[PDB]
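Enquirer: Mind looking over this structure? Questions follow.
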Amino acid sequence: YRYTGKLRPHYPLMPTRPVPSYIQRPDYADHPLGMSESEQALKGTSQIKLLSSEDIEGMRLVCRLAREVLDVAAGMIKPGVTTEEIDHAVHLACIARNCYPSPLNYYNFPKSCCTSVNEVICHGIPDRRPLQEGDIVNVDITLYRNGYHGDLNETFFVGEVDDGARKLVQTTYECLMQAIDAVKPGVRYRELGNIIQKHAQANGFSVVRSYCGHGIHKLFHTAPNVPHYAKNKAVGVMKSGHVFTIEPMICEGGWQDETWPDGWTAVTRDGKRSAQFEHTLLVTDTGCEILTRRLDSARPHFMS
Ligand SMILES: CCC[C@H](C)[C@H](N)P(=O)(O)O
Ligand SMILES: [Co+2]
Ligand SMILES: [Co+2]
Ligand SMILES: [K+]
């Protein structure tokens, strides 16, 4: 394998962390390949669940707890902390909240969160590498509670970063928020990528094509599929009661990705940096409810 940049995996990985049996587990947790029977049984369906009031309460709660856990990880970001250390803290924080860390064993993903440094687009695996001053690092958190999943992510700065890192992370965040601001009943899911790409391109960045936002609720990933690039062919129209994410990945160089031999870690083919933000959204009647928002503070962590 020819790496695309300076990052490398730092092995070995700690043995898989157990979740006490009193925490309720999603279907894939105990499947030997981490397959989710419930997801597979809707593979290739474009139909979108209309959530009940009970479903809504359940998504509100898990999304709020997920936000709490992200904030725990945010607190840990500093030069010399390993991503595995972050992940151990996340895993304990999930358990403290009586929730399962959704990533763990999802399709045999080995950790409880995803840590994506610099040229890693997404799905980086926490490992023994200490964070370096000048890195950007995204931490992606998903929790499972009472049958519902809640999913969010933010990109963080490790110490002082360069102006390109500032502009990339700020633009990405703005991309997400401009998309969110368009969400309301009657908007086609395919419109969001036009908005995102328009803002990225204006700032000289590209938009990753291989990974999309997604329906989420009883299923970790389900309909709708929400591309983040322009002129996509996404199926469906927003309706009050829909719950989904938006999670644009924006890059300094070109949009093309490839995957490491671990099967998960997605990197820019050119080795330039990428950044991402993610929220879980419920469509309302005004527009939308940002389930994974901060309730106590105005801005994402990288501004603060
Ligand atoms: C390994 C599970 C992690 C999943 C794929 C991420 N939370 P996402 O849906 O890419 O935001
Ligand atoms: Co996520
Ligand atoms: Co997601
Ligand atoms: K990154």
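By convention in this document, the chains of the structure tokens carry letters A, B, ... by their order, each chain's residues are numbered from 1, and ligands are numbered from 1 in the order they are shown.
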Do a neighbour search on residue 63 in chain A at 7 Å with only C-alpha atoms, toss out local chain neighbours closer than 5 positions, and write the hits as JSON, numbers by chain.

Expert: {"A": [150, 151, 291, 292]}

Enquirer: Please identify the residues whose atoms come within 6 Å of ligand 1, using only C-alpha atoms and all ligand atoms, and report them as number ranges by chain.

Expert: A: 103, 106, 109, 140-142, 151

Enquirer: Take the residues just selected and output them with C-alpha atoms as a compact mmCIF listing (two decimals), in the first residue's frame.

Expert:
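The resulting file, selection_2.txt, is reproduced below:
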```txt
# COMPACT_ATOMS: atom_id res chain seq x y z
CA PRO A 103 -19.67 2.32 15.81
CA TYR A 106 -20.66 -1.89 13.03
CA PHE A 109 -15.44 -1.37 12.92
CA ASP A 140 -17.55 11.31 14.95
CA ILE A 141 -19.81 10.09 17.71
CA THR A 142 -22.86 7.87 17.46
CA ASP A 151 -25.00 10.83 15.15
```

Enquirer: What parts of range 97-212 of chain A does DSSP call helix (DSSP H, G or I)? I'd like the answer as a PDB file with C-alpha atoms, in the first residue's frame.

Expert:
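The file below, part.pdb, is the result:
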```pdb
ATOM      1  CA  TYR A 106     -20.657  -1.894  13.029  1.00  0.00           C
ATOM      2  CA  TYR A 107     -19.494  -3.946  10.019  1.00  0.00           C
ATOM      3  CA  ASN A 108     -16.631  -4.946  12.303  1.00  0.00           C
ATOM      4  CA  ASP A 163      -4.511  29.675   7.982  1.00  0.00           C
ATOM      5  CA  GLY A 164      -5.426  27.013   5.405  1.00  0.00           C
ATOM      6  CA  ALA A 165      -6.634  24.740   8.252  1.00  0.00           C
ATOM      7  CA  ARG A 166      -8.713  27.653   9.600  1.00  0.00           C
ATOM      8  CA  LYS A 167     -10.293  28.407   6.267  1.00  0.00           C
ATOM      9  CA  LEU A 168     -10.984  24.770   5.450  1.00  0.00           C
ATOM     10  CA  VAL A 169     -12.691  24.063   8.804  1.00  0.00           C
ATOM     11  CA  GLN A 170     -14.655  27.350   8.783  1.00  0.00           C
ATOM     12  CA  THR A 171     -15.867  26.804   5.218  1.00  0.00           C
ATOM     13  CA  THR A 172     -16.892  23.234   5.968  1.00  0.00           C
ATOM     14  CA  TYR A 173     -18.924  24.337   8.991  1.00  0.00           C
ATOM     15  CA  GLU A 174     -20.594  27.086   6.844  1.00  0.00           C
ATOM     16  CA  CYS A 175     -21.392  24.460   4.277  1.00  0.00           C
ATOM     17  CA  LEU A 176     -23.214  22.364   6.770  1.00  0.00           C
ATOM     18  CA  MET A 177     -25.111  25.249   8.223  1.00  0.00           C
ATOM     19  CA  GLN A 178     -26.143  26.660   4.847  1.00  0.00           C
ATOM     20  CA  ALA A 179     -27.596  23.221   4.051  1.00  0.00           C
ATOM     21  CA  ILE A 180     -29.361  23.063   7.415  1.00  0.00           C
ATOM     22  CA  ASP A 181     -30.808  26.493   6.876  1.00  0.00           C
ATOM     23  CA  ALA A 182     -32.518  25.156   3.727  1.00  0.00           C
ATOM     24  CA  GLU A 191     -30.895  20.343  -3.393  1.00  0.00           C
ATOM     25  CA  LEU A 192     -28.608  20.254  -0.348  1.00  0.00           C
ATOM     26  CA  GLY A 193     -25.579  19.270  -2.392  1.00  0.00           C
ATOM     27  CA  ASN A 194     -26.053  22.168  -4.695  1.00  0.00           C
ATOM     28  CA  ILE A 195     -25.841  24.506  -1.751  1.00  0.00           C
ATOM     29  CA  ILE A 196     -22.863  22.829  -0.210  1.00  0.00           C
ATOM     30  CA  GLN A 197     -20.833  22.578  -3.384  1.00  0.00           C
ATOM     31  CA  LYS A 198     -21.605  26.203  -4.294  1.00  0.00           C
ATOM     32  CA  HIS A 199     -20.018  27.431  -1.057  1.00  0.00           C
ATOM     33  CA  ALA A 200     -17.082  24.987  -1.112  1.00  0.00           C
ATOM     34  CA  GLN A 201     -16.165  25.853  -4.736  1.00  0.00           C
ATOM     35  CA  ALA A 202     -16.376  29.556  -3.966  1.00  0.00           C
TER      36      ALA A 202
END
```

Enquirer: Please, which residues in chain A fall within 9 Å of ligand 2 when counting only C-alpha atoms and all ligand atoms, and what is the closest atom pair and distance in Å to one decimal for each, ordered by chain then residue number, as JSON lines?

Expert:
```
{"residue": "A:103", "atom": "CA", "partner": "ligand 2", "partner_atom_place_in_ligand_line": "1 (Co)", "distance": 8.9}
{"residue": "A:113", "atom": "CA", "partner": "ligand 2", "partner_atom_place_in_ligand_line": "1 (Co)", "distance": 8.6}
{"residue": "A:114", "atom": "CA", "partner": "ligand 2", "partner_atom_place_in_ligand_line": "1 (Co)", "distance": 8.0}
{"residue": "A:122", "atom": "CA", "partner": "ligand 2", "partner_atom_place_in_ligand_line": "1 (Co)", "distance": 8.8}
{"residue": "A:123", "atom": "CA", "partner": "ligand 2", "partner_atom_place_in_ligand_line": "1 (Co)", "distance": 8.6}
{"residue": "A:139", "atom": "CA", "partner": "ligand 2", "partner_atom_place_in_ligand_line": "1 (Co)", "distance": 8.5}
{"residue": "A:140", "atom": "CA", "partner": "ligand 2", "partner_atom_place_in_ligand_line": "1 (Co)", "distance": 4.8}
{"residue": "A:141", "atom": "CA", "partner": "ligand 2", "partner_atom_place_in_ligand_line": "1 (Co)", "distance": 5.8}
{"residue": "A:142", "atom": "CA", "partner": "ligand 2", "partner_atom_place_in_ligand_line": "1 (Co)", "distance": 6.1}
{"residue": "A:150", "atom": "CA", "partner": "ligand 2", "partner_atom_place_in_ligand_line": "1 (Co)", "distance": 8.4}
{"residue": "A:151", "atom": "CA", "partner": "ligand 2", "partner_atom_place_in_ligand_line": "1 (Co)", "distance": 4.9}
{"residue": "A:152", "atom": "CA", "partner": "ligand 2", "partner_atom_place_in_ligand_line": "1 (Co)", "distance": 4.9}
{"residue": "A:153", "atom": "CA", "partner": "ligand 2", "partner_atom_place_in_ligand_line": "1 (Co)", "distance": 5.7}
{"residue": "A:213", "atom": "CA", "partner": "ligand 2", "partner_atom_place_in_ligand_line": "1 (Co)", "distance": 8.7}
{"residue": "A:245", "atom": "CA", "partner": "ligand 2", "partner_atom_place_in_ligand_line": "1 (Co)", "distance": 8.3}
{"residue": "A:247", "atom": "CA", "partner": "ligand 2", "partner_atom_place_in_ligand_line": "1 (Co)", "distance": 7.5}
{"residue": "A:277", "atom": "CA", "partner": "ligand 2", "partner_atom_place_in_ligand_line": "1 (Co)", "distance": 8.6}
{"residue": "A:278", "atom": "CA", "partner": "ligand 2", "partner_atom_place_in_ligand_line": "1 (Co)", "distance": 6.4}
{"residue": "A:279", "atom": "CA", "partner": "ligand 2", "partner_atom_place_in_ligand_line": "1 (Co)", "distance": 8.1}
{"residue": "A:280", "atom": "CA", "partner": "ligand 2", "partner_atom_place_in_ligand_line": "1 (Co)", "distance": 8.9}
```

Enquirer: Write as a PyMOL selection string the residues around ligand 4, taking 9 Å as the cut-off and counting only C-alpha atoms and all ligand atoms.

Expert: chain A and resi 115-122+124+135-138+155+249+251+267+273-276

Enquirer: One decimal, Å: what's the distance from CA of residue 62 in chain A over to CA of residue 222 in chain A, could you say?

Expert: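 Pair CA of residue 62 in chain A / CA of residue 222 in chain A returns 17.1 Å.
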
Enquirer: Pick the closest to residue 126 in chain A from A:210, A:21, A:112, A:232: which is it, counting only C-alpha atoms?

Expert: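 Between A:210, A:21, A:112, A:232, the residue approaching residue 126 in chain A most closely is A:112.
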
Enquirer: Fewer than 5 positions away in the same chain doesn't count, so skip those; otherwise give me all residues within 10 Å of residue 89 in chain A, counting only C-alpha atoms, as an MDAnalysis selection string.

Expert: chainID A and resid 69 72:73 76 83:84 94 112

Enquirer: Can those selected residues be exported to a file as a PDB file, in the first residue's frame so that it contains C-alpha atoms?

Expert:
```pdb
ATOM      1  CA  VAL A  69     -20.166  12.659  24.528  1.00  0.00           C
ATOM      2  CA  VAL A  72     -16.288  15.147  26.315  1.00  0.00           C
ATOM      3  CA  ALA A  73     -13.990  14.334  23.395  1.00  0.00           C
ATOM      4  CA  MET A  76      -9.548  16.138  25.388  1.00  0.00           C
ATOM      5  CA  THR A  83      -6.857   8.931  19.435  1.00  0.00           C
ATOM      6  CA  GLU A  84      -7.183   5.656  21.298  1.00  0.00           C
ATOM      7  CA  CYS A  94     -21.413   6.239  26.343  1.00  0.00           C
ATOM      8  CA  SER A 112     -16.298   3.311  19.596  1.00  0.00           C
TER       9      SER A 112
END
```

Enquirer: So how far away is CA of residue 298 in chain A from CA of residue 206 in chain A, in Å?

Expert: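 One can read the CA of residue 206 in chain A to CA of residue 298 in chain A distance as 27.5 Å.
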
Enquirer: Which residue, A:154, A:22, A:49, A:162, has the smallest gap to residue 99 in chain A when you use only C-alpha atoms?

Expert: A:22

Enquirer: Quick one: residues within 8 Å of residue 95 in chain A, only C-alpha atoms, excluding same-chain residues fewer than 6 positions away - as number ranges by chain?

Expert: A: 19-20, 23, 101

Enquirer: One number please: CA of residue 29 in chain A to CA of residue 241 in chain A, in Å, one decimal.

Expert: 27.6 Å

Enquirer: Could you check which of A:260, A:91, A:253, A:188 is closest to residue 203 in chain A, using only C-alpha atoms?

Expert: A:253

Enquirer: For residue 216 in chain A, work out the shell of residues within 7 Å, counting only C-alpha atoms and skipping chain neighbours fewer than 4 positions away, then give it as a ChimeraX atom specification.

Expert: /A:149,220-222,243-244

Enquirer: May I have the residues within 12 Å of residue 12 in chain A as a count of residues only, using only C-alpha atoms and disregarding those fewer than 4 positions away in the same chain?

Expert: 7

Enquirer: Give the strand (DSSP E or B) residues of range 172-257 of chain A, as DSSP finds them on the backbone, and put them as a ChimeraX atom specification.

Expert: /A:188,206-207,213-215,222-226,237,243-246,249-251,257

Enquirer: Generate a file of the selected residues that holds N, CA, C and O atoms, formatted as a PDB file, in the first residue's frame.

Expert:
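Saved the output as part.pdb:
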```
ATOM      1  N   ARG A 188     -36.397  19.219  -1.964  1.00  0.00           N
ATOM      2  CA  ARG A 188     -35.875  17.957  -2.437  1.00  0.00           C
ATOM      3  C   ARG A 188     -34.516  17.693  -1.715  1.00  0.00           C
ATOM      4  O   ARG A 188     -33.707  18.611  -1.642  1.00  0.00           O
ATOM      5  N   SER A 206     -12.976  21.308  -2.728  1.00  0.00           N
ATOM      6  CA  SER A 206     -13.834  20.289  -3.383  1.00  0.00           C
ATOM      7  C   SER A 206     -14.664  19.462  -2.414  1.00  0.00           C
ATOM      8  O   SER A 206     -14.389  19.538  -1.220  1.00  0.00           O
ATOM      9  N   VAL A 207     -15.635  18.729  -2.945  1.00  0.00           N
ATOM     10  CA  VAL A 207     -16.620  18.070  -2.123  1.00  0.00           C
ATOM     11  C   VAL A 207     -16.541  16.559  -2.403  1.00  0.00           C
ATOM     12  O   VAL A 207     -16.720  16.052  -3.495  1.00  0.00           O
ATOM     13  N   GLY A 213     -24.822  11.914   3.543  1.00  0.00           N
ATOM     14  CA  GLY A 213     -25.667  11.987   4.742  1.00  0.00           C
ATOM     15  C   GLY A 213     -26.705  10.925   4.658  1.00  0.00           C
ATOM     16  O   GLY A 213     -26.783  10.268   3.579  1.00  0.00           O
ATOM     17  N   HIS A 214     -27.456  10.690   5.719  1.00  0.00           N
ATOM     18  CA  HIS A 214     -28.263   9.485   5.767  1.00  0.00           C
ATOM     19  C   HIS A 214     -29.398   9.631   6.720  1.00  0.00           C
ATOM     20  O   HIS A 214     -29.313  10.256   7.759  1.00  0.00           O
ATOM     21  N   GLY A 215     -30.507   8.955   6.367  1.00  0.00           N
ATOM     22  CA  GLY A 215     -31.522   8.679   7.359  1.00  0.00           C
ATOM     23  C   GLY A 215     -30.903   7.923   8.566  1.00  0.00           C
ATOM     24  O   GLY A 215     -29.930   7.136   8.418  1.00  0.00           O
ATOM     25  N   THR A 222     -29.965   4.641   6.883  1.00  0.00           N
ATOM     26  CA  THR A 222     -31.077   4.200   6.026  1.00  0.00           C
ATOM     27  C   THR A 222     -31.531   5.339   5.136  1.00  0.00           C
ATOM     28  O   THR A 222     -30.934   6.383   5.078  1.00  0.00           O
ATOM     29  N   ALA A 223     -32.660   5.187   4.369  1.00  0.00           N
ATOM     30  CA  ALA A 223     -33.101   6.281   3.548  1.00  0.00           C
ATOM     31  C   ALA A 223     -33.515   7.511   4.336  1.00  0.00           C
ATOM     32  O   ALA A 223     -34.050   7.432   5.409  1.00  0.00           O
ATOM     33  N   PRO A 224     -33.260   8.684   3.809  1.00  0.00           N
ATOM     34  CA  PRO A 224     -32.683   8.993   2.559  1.00  0.00           C
ATOM     35  C   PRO A 224     -31.131   8.987   2.466  1.00  0.00           C
ATOM     36  O   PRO A 224     -30.404   9.231   3.486  1.00  0.00           O
ATOM     37  N   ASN A 225     -30.647   8.788   1.257  1.00  0.00           N
ATOM     38  CA  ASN A 225     -29.226   9.032   0.951  1.00  0.00           C
ATOM     39  C   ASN A 225     -29.139  10.481   0.547  1.00  0.00           C
ATOM     40  O   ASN A 225     -29.926  10.945  -0.319  1.00  0.00           O
ATOM     41  N   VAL A 226     -28.192  11.217   1.166  1.00  0.00           N
ATOM     42  CA  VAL A 226     -28.094  12.663   1.019  1.00  0.00           C
ATOM     43  C   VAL A 226     -26.707  13.064   0.527  1.00  0.00           C
ATOM     44  O   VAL A 226     -25.788  13.307   1.359  1.00  0.00           O
ATOM     45  N   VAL A 237     -38.304  13.894  -1.087  1.00  0.00           N
ATOM     46  CA  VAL A 237     -38.697  15.251  -0.749  1.00  0.00           C
ATOM     47  C   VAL A 237     -38.924  15.334   0.763  1.00  0.00           C
ATOM     48  O   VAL A 237     -39.589  14.495   1.368  1.00  0.00           O
ATOM     49  N   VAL A 243     -36.143  12.266   9.686  1.00  0.00           N
ATOM     50  CA  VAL A 243     -34.865  12.469  10.444  1.00  0.00           C
ATOM     51  C   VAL A 243     -33.717  11.908   9.621  1.00  0.00           C
ATOM     52  O   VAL A 243     -33.698  10.800   9.083  1.00  0.00           O
ATOM     53  N   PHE A 244     -32.700  12.762   9.497  1.00  0.00           N
ATOM     54  CA  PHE A 244     -31.568  12.443   8.654  1.00  0.00           C
ATOM     55  C   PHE A 244     -30.332  13.304   9.073  1.00  0.00           C
ATOM     56  O   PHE A 244     -30.469  14.329   9.721  1.00  0.00           O
ATOM     57  N   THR A 245     -29.140  12.867   8.612  1.00  0.00           N
ATOM     58  CA  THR A 245     -27.999  13.730   8.755  1.00  0.00           C
ATOM     59  C   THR A 245     -27.606  14.450   7.516  1.00  0.00           C
ATOM     60  O   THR A 245     -27.852  13.972   6.369  1.00  0.00           O
ATOM     61  N   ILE A 246     -26.779  15.435   7.720  1.00  0.00           N
ATOM     62  CA  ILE A 246     -26.042  16.175   6.711  1.00  0.00           C
ATOM     63  C   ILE A 246     -24.602  16.185   7.278  1.00  0.00           C
ATOM     64  O   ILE A 246     -24.396  16.570   8.420  1.00  0.00           O
ATOM     65  N   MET A 249     -18.040  16.549   3.696  1.00  0.00           N
ATOM     66  CA  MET A 249     -16.576  16.426   3.722  1.00  0.00           C
ATOM     67  C   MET A 249     -16.031  17.259   2.533  1.00  0.00           C
ATOM     68  O   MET A 249     -16.348  17.018   1.362  1.00  0.00           O
ATOM     69  N   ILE A 250     -15.243  18.225   2.895  1.00  0.00           N
ATOM     70  CA  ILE A 250     -14.663  19.270   1.992  1.00  0.00           C
ATOM     71  C   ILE A 250     -13.153  19.095   2.054  1.00  0.00           C
ATOM     72  O   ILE A 250     -12.566  18.837   3.091  1.00  0.00           O
ATOM     73  N   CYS A 251     -12.484  19.333   0.864  1.00  0.00           N
ATOM     74  CA  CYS A 251     -11.059  19.066   0.773  1.00  0.00           C
ATOM     75  C   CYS A 251     -10.315  20.232   0.188  1.00  0.00           C
ATOM     76  O   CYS A 251     -10.860  20.913  -0.626  1.00  0.00           O
ATOM     77  N   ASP A 257     -11.327  10.059  -3.270  1.00  0.00           N
ATOM     78  CA  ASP A 257     -10.959   9.333  -2.050  1.00  0.00           C
ATOM     79  C   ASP A 257     -10.466   7.976  -2.383  1.00  0.00           C
ATOM     80  O   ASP A 257     -10.805   7.401  -3.420  1.00  0.00           O
TER      81      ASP A 257
END
```
